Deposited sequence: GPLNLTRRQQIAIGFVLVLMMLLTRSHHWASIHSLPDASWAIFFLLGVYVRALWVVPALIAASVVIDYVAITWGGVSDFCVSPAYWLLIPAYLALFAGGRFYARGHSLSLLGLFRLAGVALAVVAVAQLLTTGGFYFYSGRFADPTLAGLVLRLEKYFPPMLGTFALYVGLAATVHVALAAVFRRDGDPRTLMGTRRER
């Protein structure tokens, strides 16, 4: 890939974040947050390590703007916010791990996705419940009710985007 193709890819990833990080799952009007799939897909495909911290930086300034200027609720922003970072890293590591084996991969992909997203969900949903300070008496039961509610739609968002990456790749492979 030329420098130009790299810049193009870079901008399309930042733009995707820009356009989707205000929706955790799909609505009639809007695309859901591509962020979790992106970090996973960076794990799968992109060797350069520096891209991950760069794309984290982008996510953070995007959230700040969305809320400061874009009129988006700041409900979700709290001391627990930084727990996004280990979730992003877990997803990236997930994609690295999936690429290591099977260097056919599909039923293996599903199992890897479910596990790696579950780690991200614990860190984020669990981080928020336990450390946002918006919950006076957080319990294990309470944690699990919330994982049960949020995991399916956020997993579906992830599978939407990773699904498409897969079908793009298999296509391009033929081509």
Open item on the list: Please give the gaps, as residue ranges numbered from 1 in the deposited sequence, where no C-alpha is present.
Closed with: 1-4, 108-110, 183-199
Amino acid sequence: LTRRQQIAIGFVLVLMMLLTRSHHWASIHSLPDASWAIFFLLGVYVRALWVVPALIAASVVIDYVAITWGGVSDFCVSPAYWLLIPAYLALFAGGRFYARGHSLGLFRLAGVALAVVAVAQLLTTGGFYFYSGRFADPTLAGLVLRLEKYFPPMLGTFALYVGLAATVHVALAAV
From here on, numbers count along this sequence of modelled residues.
- [ ] Taking the mean of the C-alpha B-factors per stretch from the entry, tell me the winner out of 57-65 and 26-34.
- [x] 26-34
TODO: For the higher mean C-alpha B factor in the entry, choose 162-170 or 6-14.
DONE: 162-170
- [ ] Would you mind finding, among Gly111, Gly43, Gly127, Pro138, the residue with the largest C-alpha temperature factor in the entry?
- [x] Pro138
TODO: Going by the CA temperature factor in the entry, name the top one among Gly105, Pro79, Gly94, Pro86.
DONE: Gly105
Open item on the list: Among the modelled residues of this chain, does the Cα B factor of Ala99 put it in the lowest, middle or highest third?
Closed with: highest
